[PDB]
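Enquirer: My questions will all concern the structure given below.
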Amino acid sequence: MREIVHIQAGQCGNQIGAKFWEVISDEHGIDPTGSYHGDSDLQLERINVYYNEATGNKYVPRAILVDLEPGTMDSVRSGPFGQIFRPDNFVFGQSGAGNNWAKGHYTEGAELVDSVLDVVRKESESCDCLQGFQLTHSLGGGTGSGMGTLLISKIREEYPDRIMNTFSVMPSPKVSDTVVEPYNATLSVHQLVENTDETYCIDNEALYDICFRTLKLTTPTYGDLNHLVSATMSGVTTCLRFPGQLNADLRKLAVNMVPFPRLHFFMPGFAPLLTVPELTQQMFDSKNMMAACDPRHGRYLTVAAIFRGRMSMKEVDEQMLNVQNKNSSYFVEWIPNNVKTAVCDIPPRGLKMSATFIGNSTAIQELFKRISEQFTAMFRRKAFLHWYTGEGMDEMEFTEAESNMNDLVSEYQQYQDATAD
Amino acid sequence: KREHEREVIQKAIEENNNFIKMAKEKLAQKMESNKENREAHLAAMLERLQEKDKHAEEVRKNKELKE
Amino acid sequence: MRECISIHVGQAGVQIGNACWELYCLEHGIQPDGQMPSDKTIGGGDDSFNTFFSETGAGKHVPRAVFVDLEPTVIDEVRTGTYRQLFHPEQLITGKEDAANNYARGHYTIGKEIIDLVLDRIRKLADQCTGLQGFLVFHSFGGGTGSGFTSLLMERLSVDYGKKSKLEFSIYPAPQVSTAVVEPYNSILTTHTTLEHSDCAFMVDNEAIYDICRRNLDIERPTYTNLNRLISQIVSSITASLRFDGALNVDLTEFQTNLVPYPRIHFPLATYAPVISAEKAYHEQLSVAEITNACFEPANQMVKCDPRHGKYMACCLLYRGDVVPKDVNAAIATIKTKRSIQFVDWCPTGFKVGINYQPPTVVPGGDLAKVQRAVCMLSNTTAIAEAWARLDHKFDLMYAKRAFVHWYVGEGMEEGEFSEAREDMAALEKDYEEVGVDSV
Ligand SMILES: Nc1nc2c(ncn2[C@@H]2O[C@H](COP(=O)(O)OP(=O)(O)OP(=O)(O)O)[C@@H](O)[C@H]2O)c(=O)[nH]1
Ligand SMILES: Nc1nc2c(ncn2[C@@H]2O[C@H](COP(=O)(O)OP(=O)(O)OP(=O)(O)O)[C@@H](O)[C@H]2O)c(=O)[nH]1
Ligand SMILES: COc1ccc(N(C)c2cc(=O)oc3ccccc23)cc1O
Ligand SMILES: [Ca+2]
Ligand SMILES: [Mg+2]
Ligand SMILES: [Mg+2]
């Protein structure tokens with residue numbers, strides 16, 4: 001009964017959104033009709049965090065579905081669990097932003113925004129006690145990126161004492177050719193750094209590389225990538241959704257993971273893609289990060305680790321202690337006890353045991369540096385800029401977004417270089 | 001001696017009352033200062049977001065005044 | 001008279017409260033519905049156990065207790081659990097939003113919304129007392145509510161009850177079962193805020209209790225339930241003097257005279273024996289000398305520190321069960337020629353002794369063996385200051401970089417409250433040093 005309101009915006013947002021609800025409904029024993037046909041009581045104990053209860057034992061996701069392009073929401077509707085989402089919670093526009101951030105943020109998105117807010121408000125006013133909001137979106141397009149970041153800004157104006165949490169999909173030339181995506185990402189980051197409390201960096205580069213290199217998948221579809229996102233999203237929300245020795249909400253996550261308000265971009269990780277020692281080893285390995293950053297190139301500010309399945313807690317405790325000792329240089333020494341472990345009995349689907357990793361690492365600067373290089377390769381030669389000035393954007397707004405992201409990088413560097421003595 | 005006895009008990013009452021009094025006022029000053037501080041933190045946040053609404057009005061103006 | 005009101009604040013306070021009240025019911029023969037067949041005075045009386053239980057006309061024995069949390073899910077389990085009929089619903093108080101591990105929210109943002117209602121309910125209990133002695137307050141140092149709400153309540157209680165005694169049972173944080181990275185901040189903030197408002201505080205180091213469950217009870221990975229069962233035994237030992245009568249019984253208040261030499265030096269070290277499994281207690285009887293000796297084994301302490309490297313300012317032994325003074329005196333004489341027991345030069349060296357005859361009770365399905373005789377030592381040692389030094393150091397590491405400070409500032413606090421709290425802690429550590437220096 002501490003409620004979360006889920007918002008999915010754009011194609012990516014809506015696709016990863018639908019995957020999330022599929023996997024968590026399956027985990028909570030919820031049908032596509034909305035009925036409980038599970039076996040464990042731990043499934044329903046905190047069900048209200050993500051689901052509304054309408055009578056006849058019907059569980060409806062507290063989810064709002066948004067796009068400037070009407071097609072995508074027919075896919076959700078005529079996918080699995082399309083029958084579960086509230087019909088009034090679908091909000092579609094007409095044109096589609098066509099990969100233009102300025103269109104999603106300032107023009108078309110701005111026109112559709114108030115009708116989304118009406119659905120937010122309706123869901124929010126029925127809440128016993130609102131925790132806040134999770135937005136799924138990409139930063140490369142125009143709706144998820146532009147309209148998503150507008151939505152955040154407007155929601156934050158009406159609910160400034162609530163938590164804003166995102167699952168943001170970072171662009172790679174390895175997945176999409178759309179050349180303008182480094183502009184859309186930089187502009188989005190500029191917003192996210194000012195207006196979210198916590199952001200999960202789902203990096204398409206890392207997902208590609210996991211699929212190609214590790215899983216051996218020769219050509220990665222979005223369906224291959226989203227199998228990674230969904231396993232991760234299932235993992236990171238575990239302590240929100242189940243009772244344990246540690247009961248969590250979005251605010252306690254932020255308080256404990258975010259030592260400085262701008263440094264709220266997390267590297268998620270997953271294992272396996274085993275014995276307890278092996279799982280532990282794997283979750284701290286670069287190959288397992290959902291963000292293309294090497295942890296050994298930075299320092300961990302904070303870490304949260306979730307072990308799932310039936311295993312020895314004593315063993316998990318010793319292995320977690322063990323990995324910190326062996327890797328002591330990669331954890332800042334000025335935040336004592338900065339790695340926290342939780343255990344949940346319910347494994348995810350098809351695995352006996354898993355490990356999900358939430359890292360606030362100064363190595364996330366590699367993600368932002370990559371985006372900043374692709375950004376700067378276009379902006380000094382002014383490429384495709386008319387797409388943005390044509391919507392009424394100033395040129396200084398591009399310069400500002402850029403050096404705010406540059407500041408973020410050097411702030412992540414400052415805390416990396418910092419010592420106790 | 002009876003005078004001294006009166007003065008001891010009166011001193012006891014006075015110090016006790018002073019403790020209660022100082023505790024009541026310190027708490028009132030802390031709760032007031034806190035309420036003010038929190039209000040100013042939220043007011044600044046809302047002002048920033050207000051500037052974002054004002055800047056977006058300028059962007060939609062700038063687009064139309066291309067014609 | 002003399003009634004004690006218990007106040008259980010936040011998750012740790014509430015769960016420890018569950019374990020304590022369940023054990024009290026077992027020790028006094030009070031059933032889950034509140035009925036106590038051996039109590040022949042219906043609807044009232046001034047027996048020893050009435051310090052902790054009031055009585056209804058219907059024969060129900062009701063804890064003189066309030067449970068408060070800023071979130072409902074821990075207290076909901078009391079409402080729906082085994083001992084649900086013991087408490088009037090008005091004794092169990094919950095808000096909707098917790099403090100989110102944040103002292104500022106517990107003390108100010110969320111705490112201020114429920115504080116007048118809490119004092120109303122406490123007032124209702126106090127009005128049913130004929131000679132209220134004081135309050136026992138149970139909370140964690142680390143939680144947002146256990147820190148921030150407790151310090152708000154203690155300040156308000158000083159206002160509304162004057163110098164009426166307030167004692168604490170305070171859960172000191174350990175890495176093994178901690179919940180927040182900001183526990184050092186919350187610990188220092190409450191400690192500073194509460195210091196002038198508390199007469200005596202019994203700290204319980206979660207790591208000491210965790211170690212004891214591991215080493216003495218062969219529990220691989222102790223849970224809160226394991227810890228709390230042990231903590232409740234230690235709490236029961238301390239309050240036994242209030243809840244039972246007997247010729248050799250010595251009132252807790254009389255121990256307190258010896259334990260608190262200066263108002264700020266009010267943190268006794270508790271040590272408890274024996275903690276032993278059923279398997280090991282079988283055919284092995286632990287004598288008075290054996291359990292007394294175990295009191296000077298640092299492994300049996302509730303707070304990790306080393307008294308062999310500090311000075312004593314007081315030593316109290318609280319025995320329960322089959323124990324006579326002759327055996328105590330013999331055990332003490334042996335210990336006094338064999339241990340590192342150095343007192344400061346301004347305090348006498350005699351140990352103060354109480355004996356309650358009712359043997360220790362154990363909760364069904366628990367880990368502790370039922371024994372014939374147990375002891376809780378309360379000492380005032382300069383060594384307890386080690387616990388402060390460790391916590392202050394953790395606070396300093398984060399605070400030098402202002403890590404997480406914006407979460408507190410965002411809720412209305414200022415940097416000057418952190419530095420003021422920390423300075424009070426430096427002065428406390430200094431105080432413990434000064435009391436240990438020889439007189440001129
Ligand atoms: N991992 C993952 N990435 C996706 C998926 N769908 C799209 N993307 C990425 O999202 C970015 C493009 O954003 P979209 O969500 O397609 O665009 P939109 O938000 O709908 O915006 P417009 O279509 O321009 O209005 C590209 O970088 C794609 O690689 C998906 O299902 N999974
Ligand atoms: N011994 C013991 N320690 C506990 C228990 N519950 C929590 N703790 C400890 O208390 C600290 C966290 O504080 P809690 O009491 O859980 O938090 P709270 O008072 O409910 O405050 P918030 O939840 O932040 O609002 C950590 O050091 C935990 O190990 C318990 O039942 N027993
Ligand atoms: C670095 O110290 C900490 C980090 C996080 C947390 N909390 C509250 C968690 C919140 C959550 O939603 O997921 C978790 C999964 C595993 C472990 C912790 C959390 C607590 C901490 O001390
Ligand atoms: Ca009676
Ligand atoms: Mg699209
Ligand atoms: Mg709590």
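Every chain in the structure tokens has a letter given in the order shown (A, B, ...), and although residue numbers restart at 1 in each chain, ligands are simply numbered from 1 in the order shown.
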Find the residues near residue 163 in chain A: any atom within 7 Å, counting only C-alpha atoms, skip ones fewer than 4 places away on the same chain, and give them as a list in words.
Expert: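 Residues meeting the cut-off are residues 131, 132, 133, 197, 250 and 251 of chain A.
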Enquirer: Give the residue list for ligand 1 at 8 Å, counting only C-alpha atoms and all ligand atoms, as a PyMOL selection string, sorted by chain and then by residue number.
Expert: chain A and resi 9-16+67-69+96-101+104+137-146+169-172+175-176+178+181+202-204+207+222-223+225-226+229
Enquirer: Enumerate as a PyMOL selection string all residues of range 99-348 of chain A assigned to strand (DSSP E or B) by DSSP on the backbone, naming them with the chain letters and numbers the document uses.
Expert: chain A and resi 129-138+163-170+198-203+265-271+289+300-309+331+339-344
Enquirer: Could the residues in this selection be saved with C-alpha atoms as a PDB file, in the first residue's frame?
Expert:
ATOM      1  CA  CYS A 129       0.497   6.700   0.082  1.00  0.00           C
ATOM      2  CA  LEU A 130       2.293   7.431  -3.172  1.00  0.00           C
ATOM      3  CA  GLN A 131       6.014   6.523  -3.244  1.00  0.00           C
ATOM      4  CA  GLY A 132       6.486   8.041  -6.686  1.00  0.00           C
ATOM      5  CA  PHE A 133       7.078   7.141 -10.290  1.00  0.00           C
ATOM      6  CA  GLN A 134       9.033   4.860 -12.591  1.00  0.00           C
ATOM      7  CA  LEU A 135       9.351   5.861 -16.243  1.00  0.00           C
ATOM      8  CA  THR A 136      10.539   3.355 -18.896  1.00  0.00           C
ATOM      9  CA  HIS A 137      11.847   5.108 -22.041  1.00  0.00           C
ATOM     10  CA  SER A 138      14.753   5.448 -24.482  1.00  0.00           C
ATOM     11  CA  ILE A 163      10.498  10.079  -5.899  1.00  0.00           C
ATOM     12  CA  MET A 164      11.229  10.175  -9.658  1.00  0.00           C
ATOM     13  CA  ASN A 165      12.926   6.966 -10.895  1.00  0.00           C
ATOM     14  CA  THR A 166      13.767   6.079 -14.522  1.00  0.00           C
ATOM     15  CA  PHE A 167      14.859   3.074 -16.571  1.00  0.00           C
ATOM     16  CA  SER A 168      16.549   4.950 -19.412  1.00  0.00           C
ATOM     17  CA  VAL A 169      17.765   3.267 -22.617  1.00  0.00           C
ATOM     18  CA  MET A 170      21.059   4.725 -23.821  1.00  0.00           C
ATOM     19  CA  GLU A 198      17.556   7.805  -9.457  1.00  0.00           C
ATOM     20  CA  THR A 199      18.242   6.525 -13.008  1.00  0.00           C
ATOM     21  CA  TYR A 200      19.026   3.021 -14.201  1.00  0.00           C
ATOM     22  CA  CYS A 201      21.321   3.286 -17.237  1.00  0.00           C
ATOM     23  CA  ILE A 202      20.177   0.554 -19.608  1.00  0.00           C
ATOM     24  CA  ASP A 203      22.868   0.803 -22.281  1.00  0.00           C
ATOM     25  CA  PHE A 265      23.061   7.055 -12.557  1.00  0.00           C
ATOM     26  CA  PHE A 266      23.326   3.370 -11.729  1.00  0.00           C
ATOM     27  CA  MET A 267      25.042   0.515 -13.589  1.00  0.00           C
ATOM     28  CA  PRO A 268      22.826  -2.537 -13.363  1.00  0.00           C
ATOM     29  CA  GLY A 269      24.280  -6.028 -13.615  1.00  0.00           C
ATOM     30  CA  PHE A 270      22.999  -9.602 -13.850  1.00  0.00           C
ATOM     31  CA  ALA A 271      24.264 -13.163 -13.283  1.00  0.00           C
ATOM     32  CA  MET A 289      27.077  -4.979 -16.621  1.00  0.00           C
ATOM     33  CA  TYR A 300      32.078   2.172  -6.395  1.00  0.00           C
ATOM     34  CA  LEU A 301      30.366   4.820  -4.294  1.00  0.00           C
ATOM     35  CA  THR A 302      27.560   2.412  -3.348  1.00  0.00           C
ATOM     36  CA  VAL A 303      26.385  -1.075  -4.287  1.00  0.00           C
ATOM     37  CA  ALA A 304      23.129  -2.983  -3.721  1.00  0.00           C
ATOM     38  CA  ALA A 305      23.113  -6.741  -4.448  1.00  0.00           C
ATOM     39  CA  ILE A 306      20.050  -9.003  -4.652  1.00  0.00           C
ATOM     40  CA  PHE A 307      20.429 -12.767  -4.518  1.00  0.00           C
ATOM     41  CA  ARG A 308      17.394 -14.774  -5.670  1.00  0.00           C
ATOM     42  CA  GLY A 309      16.559 -18.442  -5.055  1.00  0.00           C
ATOM     43  CA  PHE A 331      35.167   0.799  -3.308  1.00  0.00           C
ATOM     44  CA  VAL A 339      27.861  -2.616  -0.210  1.00  0.00           C
ATOM     45  CA  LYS A 340      24.483  -3.990   0.894  1.00  0.00           C
ATOM     46  CA  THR A 341      23.100  -7.462   0.229  1.00  0.00           C
ATOM     47  CA  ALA A 342      19.480  -8.666   0.235  1.00  0.00           C
ATOM     48  CA  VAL A 343      18.133 -12.207  -0.332  1.00  0.00           C
ATOM     49  CA  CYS A 344      14.728 -13.156  -1.769  1.00  0.00           C
TER      50      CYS A 344
END
Enquirer: What are the residues of chain B that have an atom within 12 Å of an atom of chain C, counting only C-alpha atoms, as a PyMOL selection string?
Expert: chain B and resi 12-28+30-45
Enquirer: What would the file look like if the residues just selected were written as a compact mmCIF listing (two decimals), in the first residue's frame with N, CA and C atoms?
Expert:
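What follows is the written file result.txt:
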# COMPACT_ATOMS: atom_id res chain seq x y z
N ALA B 12 15.34 24.04 43.76
CA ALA B 12 14.96 22.83 43.04
C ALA B 12 13.82 23.08 42.03
N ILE B 13 12.74 23.75 42.48
CA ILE B 13 11.58 24.03 41.61
C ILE B 13 11.99 24.90 40.43
N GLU B 14 12.80 25.92 40.71
CA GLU B 14 13.26 26.88 39.72
C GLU B 14 14.11 26.23 38.62
N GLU B 15 15.05 25.39 39.02
CA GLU B 15 15.92 24.72 38.05
C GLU B 15 15.12 23.74 37.21
N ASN B 16 14.18 23.03 37.83
CA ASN B 16 13.30 22.13 37.11
C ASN B 16 12.44 22.86 36.06
N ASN B 17 11.81 23.97 36.49
CA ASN B 17 11.02 24.83 35.62
C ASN B 17 11.85 25.41 34.49
N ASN B 18 13.08 25.86 34.79
CA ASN B 18 14.01 26.35 33.77
C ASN B 18 14.38 25.31 32.73
N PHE B 19 14.53 24.06 33.17
CA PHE B 19 14.81 22.97 32.27
C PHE B 19 13.64 22.71 31.33
N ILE B 20 12.44 22.59 31.89
CA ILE B 20 11.22 22.44 31.10
C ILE B 20 11.06 23.59 30.08
N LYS B 21 11.26 24.82 30.56
CA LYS B 21 11.17 26.04 29.76
C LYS B 21 12.18 26.08 28.61
N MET B 22 13.46 25.80 28.89
CA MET B 22 14.49 25.76 27.87
C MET B 22 14.22 24.65 26.85
N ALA B 23 13.75 23.50 27.32
CA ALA B 23 13.40 22.39 26.43
C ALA B 23 12.24 22.74 25.49
N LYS B 24 11.23 23.43 26.00
CA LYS B 24 10.04 23.82 25.23
C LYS B 24 10.41 24.81 24.12
N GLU B 25 11.22 25.82 24.47
CA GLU B 25 11.63 26.88 23.54
C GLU B 25 12.63 26.41 22.50
N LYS B 26 13.59 25.58 22.90
CA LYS B 26 14.59 25.06 21.94
C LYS B 26 13.91 24.22 20.86
N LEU B 27 12.94 23.42 21.28
CA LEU B 27 12.14 22.63 20.37
C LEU B 27 11.30 23.51 19.42
N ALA B 28 10.67 24.56 19.95
CA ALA B 28 9.90 25.51 19.12
C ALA B 28 10.81 26.21 18.11
N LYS B 30 13.68 25.06 16.86
CA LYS B 30 14.09 24.01 15.90
C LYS B 30 12.97 23.66 14.91
N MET B 31 11.74 23.49 15.38
CA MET B 31 10.65 23.12 14.48
C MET B 31 10.27 24.25 13.50
N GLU B 32 10.40 25.50 13.96
CA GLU B 32 10.16 26.68 13.14
C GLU B 32 11.24 26.84 12.06
N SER B 33 12.50 26.80 12.48
CA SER B 33 13.65 26.91 11.59
C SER B 33 13.65 25.78 10.54
N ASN B 34 13.27 24.58 10.96
CA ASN B 34 13.14 23.47 10.05
C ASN B 34 12.03 23.63 8.99
N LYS B 35 10.84 24.02 9.44
CA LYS B 35 9.70 24.28 8.57
C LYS B 35 10.08 25.34 7.52
N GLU B 36 10.66 26.46 7.98
CA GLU B 36 11.17 27.51 7.09
C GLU B 36 12.17 26.94 6.07
N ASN B 37 13.17 26.19 6.53
CA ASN B 37 14.21 25.66 5.64
C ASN B 37 13.66 24.76 4.57
N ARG B 38 12.77 23.85 4.97
CA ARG B 38 12.18 22.91 4.06
C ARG B 38 11.33 23.65 3.03
N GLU B 39 10.62 24.68 3.49
CA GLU B 39 9.75 25.47 2.63
C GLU B 39 10.58 26.18 1.57
N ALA B 40 11.69 26.79 1.97
CA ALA B 40 12.63 27.43 1.06
C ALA B 40 13.30 26.47 0.06
N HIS B 41 13.54 25.22 0.47
CA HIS B 41 14.09 24.20 -0.44
C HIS B 41 13.07 23.86 -1.54
N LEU B 42 11.82 23.60 -1.14
CA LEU B 42 10.72 23.33 -2.07
C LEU B 42 10.37 24.55 -2.98
N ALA B 43 10.36 25.76 -2.40
CA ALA B 43 10.08 26.99 -3.15
C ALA B 43 11.11 27.22 -4.25
N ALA B 44 12.40 26.98 -3.96
CA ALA B 44 13.47 27.06 -4.95
C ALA B 44 13.30 26.02 -6.07
N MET B 45 12.90 24.80 -5.70
CA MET B 45 12.67 23.72 -6.67
C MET B 45 11.54 24.10 -7.63
Enquirer: Go through B:47, B:66, B:59, B:54 one by one, measure the shortest atom-to-atom distance of each to chain A using only C-alpha atoms, and give the residue with the smallest value.
Expert: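 So, comparing all the options, the nearest one is B:59.
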Enquirer: Check which residues of chain A sit at most 12 Å from ligand 6 using only C-alpha atoms and all ligand atoms, and return one row each with the closest pair of atoms and their distance in Å to one decimal, ordered by chain and rising number, as CSV.
Expert:
residue,atom,partner,partner_atom_place_in_ligand_line,distance
A:245,CA,ligand 6,1 (Mg),11.6
A:246,CA,ligand 6,1 (Mg),9.8
A:247,CA,ligand 6,1 (Mg),8.6
A:248,CA,ligand 6,1 (Mg),9.7
A:249,CA,ligand 6,1 (Mg),11.0
A:252,CA,ligand 6,1 (Mg),10.3
Enquirer: Output N, CA and C atoms for every residue in the selection just made, as a PDB file, in the first residue's frame.
Expert:
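Result written to part06.pdb:
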ATOM      1  N   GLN A 245      14.013  -9.645   4.931  1.00  0.00           N
ATOM      2  CA  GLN A 245      14.708  -9.077   6.095  1.00  0.00           C
ATOM      3  C   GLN A 245      14.937  -7.571   5.882  1.00  0.00           C
ATOM      4  N   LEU A 246      14.930  -7.135   4.616  1.00  0.00           N
ATOM      5  CA  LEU A 246      15.061  -5.725   4.251  1.00  0.00           C
ATOM      6  C   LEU A 246      13.915  -5.328   3.345  1.00  0.00           C
ATOM      7  N   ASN A 247      13.019  -4.483   3.847  1.00  0.00           N
ATOM      8  CA  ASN A 247      11.882  -4.008   3.046  1.00  0.00           C
ATOM      9  C   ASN A 247      12.122  -2.591   2.524  1.00  0.00           C
ATOM     10  N   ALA A 248      12.006  -2.444   1.214  1.00  0.00           N
ATOM     11  CA  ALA A 248      12.473  -1.252   0.538  1.00  0.00           C
ATOM     12  C   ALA A 248      11.354  -0.510  -0.176  1.00  0.00           C
ATOM     13  N   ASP A 249      11.616   0.758  -0.435  1.00  0.00           N
ATOM     14  CA  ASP A 249      10.759   1.608  -1.242  1.00  0.00           C
ATOM     15  C   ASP A 249      11.717   2.504  -2.019  1.00  0.00           C
ATOM     16  N   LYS A 252      14.005   5.024   0.204  1.00  0.00           N
ATOM     17  CA  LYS A 252      15.109   4.328   0.903  1.00  0.00           C
ATOM     18  C   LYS A 252      16.188   3.884  -0.089  1.00  0.00           C
TER      19      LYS A 252
END
Enquirer: What gap, in Å, lies between CA of residue 7 in chain C and CA of residue 98 in chain C?
Expert: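 CA of residue 98 in chain C lies at a distance of 17.7 Å from CA of residue 7 in chain C.
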Enquirer: Return as an NGL selection string every polymer residue, whether protein, DNA or RNA, with at least one atom no more than 7 Å from an atom of ligand 2; count only C-alpha atoms and all ligand atoms.
Expert: :C and (9-13 or 15-16 or 69-71 or 98-102 or 106 or 139-147 or 171-174 or 177-180 or 183 or 206 or 224-225 or 227-228)
Enquirer: Looking only at the backbone, which of the residues in range 152-383 of chain C does DSSP tag as alpha helix (DSSP H), as JSON, numbers by chain?
Expert: {"C": [152, 153, 154, 155, 156, 157, 158, 159, 160, 161, 183, 184, 185, 186, 187, 188, 189, 190, 191, 192, 193, 194, 206, 207, 208, 209, 210, 211, 212, 213, 214, 215, 216, 224, 225, 226, 227, 228, 229, 230, 231, 232, 233, 234, 235, 236, 237, 238, 239, 240, 241, 242, 243, 252, 253, 254, 255, 256, 257, 258, 259, 278, 279, 280, 281, 288, 289, 290, 291, 292, 293, 294, 325, 326, 327, 328, 329, 330, 331, 332, 333, 334, 335, 336]}
Enquirer: Store the residues picked out above in a file with C-alpha atoms, as a CSV table (one decimal), in the first residue's frame.
Expert:
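again.csv was written with the following content:
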chain,number,residue,atom,x,y,z
C,152,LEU,CA,11.5,14.2,19.3
C,153,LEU,CA,9.5,12.1,21.8
C,154,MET,CA,12.2,12.3,24.5
C,155,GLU,CA,12.4,16.1,24.2
C,156,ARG,CA,8.5,16.3,24.4
C,157,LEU,CA,8.5,13.9,27.4
C,158,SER,CA,10.9,16.1,29.3
C,159,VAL,CA,8.5,19.0,28.7
C,160,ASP,CA,5.4,17.2,29.7
C,161,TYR,CA,6.8,15.0,32.6
C,183,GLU,CA,23.1,4.7,10.2
C,184,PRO,CA,26.2,6.6,11.6
C,185,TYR,CA,24.5,10.0,10.9
C,186,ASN,CA,21.2,9.0,12.5
C,187,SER,CA,23.1,7.5,15.5
C,188,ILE,CA,25.1,10.7,16.3
C,189,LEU,CA,22.1,12.9,15.6
C,190,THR,CA,19.8,11.0,18.1
C,191,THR,CA,22.6,10.5,20.7
C,192,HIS,CA,23.3,14.3,20.8
C,193,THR,CA,19.6,15.2,20.8
C,194,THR,CA,18.7,12.7,23.5
C,206,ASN,CA,23.9,-5.8,17.2
C,207,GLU,CA,27.3,-7.3,16.3
C,208,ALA,CA,27.9,-8.5,19.9
C,209,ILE,CA,24.5,-10.2,19.9
C,210,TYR,CA,25.0,-11.6,16.4
C,211,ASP,CA,28.4,-13.1,17.5
C,212,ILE,CA,26.9,-14.6,20.6
C,213,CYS,CA,24.1,-16.3,18.6
C,214,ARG,CA,26.7,-17.6,16.2
C,215,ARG,CA,29.3,-18.8,18.7
C,216,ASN,CA,27.2,-19.8,21.8
C,224,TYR,CA,16.2,-10.5,14.1
C,225,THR,CA,14.1,-13.1,15.8
C,226,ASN,CA,17.2,-14.9,17.1
C,227,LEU,CA,18.7,-11.6,18.2
C,228,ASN,CA,15.5,-10.4,19.9
C,229,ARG,CA,15.0,-13.5,21.9
C,230,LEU,CA,18.4,-13.0,23.4
C,231,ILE,CA,17.9,-9.2,23.9
C,232,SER,CA,14.6,-9.9,25.7
C,233,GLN,CA,16.4,-12.1,28.2
C,234,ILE,CA,18.8,-9.3,28.9
C,235,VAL,CA,16.0,-6.8,29.2
C,236,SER,CA,14.0,-9.2,31.4
C,237,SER,CA,17.0,-9.5,33.8
C,238,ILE,CA,17.2,-5.7,34.1
C,239,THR,CA,13.5,-5.2,34.7
C,240,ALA,CA,13.1,-8.3,36.9
C,241,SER,CA,13.8,-6.2,40.0
C,242,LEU,CA,10.7,-4.1,39.1
C,243,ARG,CA,8.4,-6.9,38.2
C,252,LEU,CA,16.9,-1.0,39.5
C,253,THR,CA,16.8,2.7,40.7
C,254,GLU,CA,19.2,1.7,43.5
C,255,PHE,CA,21.7,0.2,40.9
C,256,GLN,CA,21.3,3.5,39.0
C,257,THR,CA,22.6,5.5,41.9
C,258,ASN,CA,25.8,3.6,41.6
C,259,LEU,CA,25.9,3.5,37.8
C,278,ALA,CA,19.9,-27.3,25.0
C,279,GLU,CA,22.5,-29.8,23.6
C,280,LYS,CA,25.3,-28.4,25.7
C,281,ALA,CA,23.3,-27.6,28.9
C,288,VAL,CA,27.2,-19.4,40.6
C,289,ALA,CA,31.0,-19.2,40.2
C,290,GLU,CA,30.8,-20.3,36.6
C,291,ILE,CA,28.2,-17.7,35.4
C,292,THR,CA,29.7,-15.0,37.5
C,293,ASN,CA,33.1,-15.7,35.8
C,294,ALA,CA,31.4,-15.6,32.4
C,325,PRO,CA,24.6,-14.7,48.8
C,326,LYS,CA,27.2,-17.1,50.2
C,327,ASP,CA,28.0,-18.5,46.7
C,328,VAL,CA,28.0,-15.0,45.2
C,329,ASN,CA,30.5,-13.7,47.8
C,330,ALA,CA,32.8,-16.7,47.2
C,331,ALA,CA,32.6,-16.3,43.4
C,332,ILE,CA,33.4,-12.6,43.7
C,333,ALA,CA,36.4,-13.2,46.0
C,334,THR,CA,37.8,-15.7,43.5
C,335,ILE,CA,37.3,-13.2,40.5
C,336,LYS,CA,38.8,-10.3,42.5
Enquirer: Pick out the residues no farther than 8 Å from ligand 4, counting only C-alpha atoms and all ligand atoms, and list them as a list in words.
Expert: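 What falls inside 8 Å of ligand 4 is residues 39, 40, 41, 42, 43, 44, 45, 46, 47, 50, 55 and 59 of chain C.
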Enquirer: Return as a list in words the residues belonging to chain A that are within 6 Å of chain C, counting only C-alpha atoms.
Expert: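 Every residue meeting the condition is included here: residues 252, 256, 259, 314, 334 and 335 of chain A.
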Enquirer: Those residues with N, CA, C and O atoms, as a short mmCIF file (atom, residue, chain, number, x, y, z; two decimals), in the first residue's frame please?
Expert:
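Listed below is the output, again.cif:
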data_model
loop_
_atom_site.label_atom_id
_atom_site.label_comp_id
_atom_site.auth_asym_id
_atom_site.auth_seq_id
_atom_site.Cartn_x
_atom_site.Cartn_y
_atom_site.Cartn_z
N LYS A 252 14.00 5.02 0.20
CA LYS A 252 15.11 4.33 0.90
C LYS A 252 16.19 3.88 -0.09
O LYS A 252 17.37 3.93 0.23
N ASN A 256 20.03 5.69 0.27
CA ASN A 256 21.17 4.81 0.48
C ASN A 256 22.13 4.66 -0.70
O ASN A 256 23.29 4.34 -0.48
N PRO A 259 24.81 9.47 -2.74
CA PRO A 259 25.52 10.32 -1.79
C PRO A 259 25.55 11.79 -2.17
O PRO A 259 25.70 12.62 -1.29
N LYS A 314 24.53 -17.60 4.80
CA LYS A 314 25.88 -17.62 5.37
C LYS A 314 26.94 -17.56 4.28
O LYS A 314 27.89 -16.77 4.37
N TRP A 334 35.70 6.15 2.11
CA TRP A 334 35.03 7.20 2.89
C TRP A 334 33.51 7.05 3.01
O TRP A 334 32.85 7.95 3.53
N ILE A 335 32.96 5.94 2.52
CA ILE A 335 31.58 5.56 2.81
C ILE A 335 31.64 4.14 3.38
O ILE A 335 31.70 3.18 2.61
#
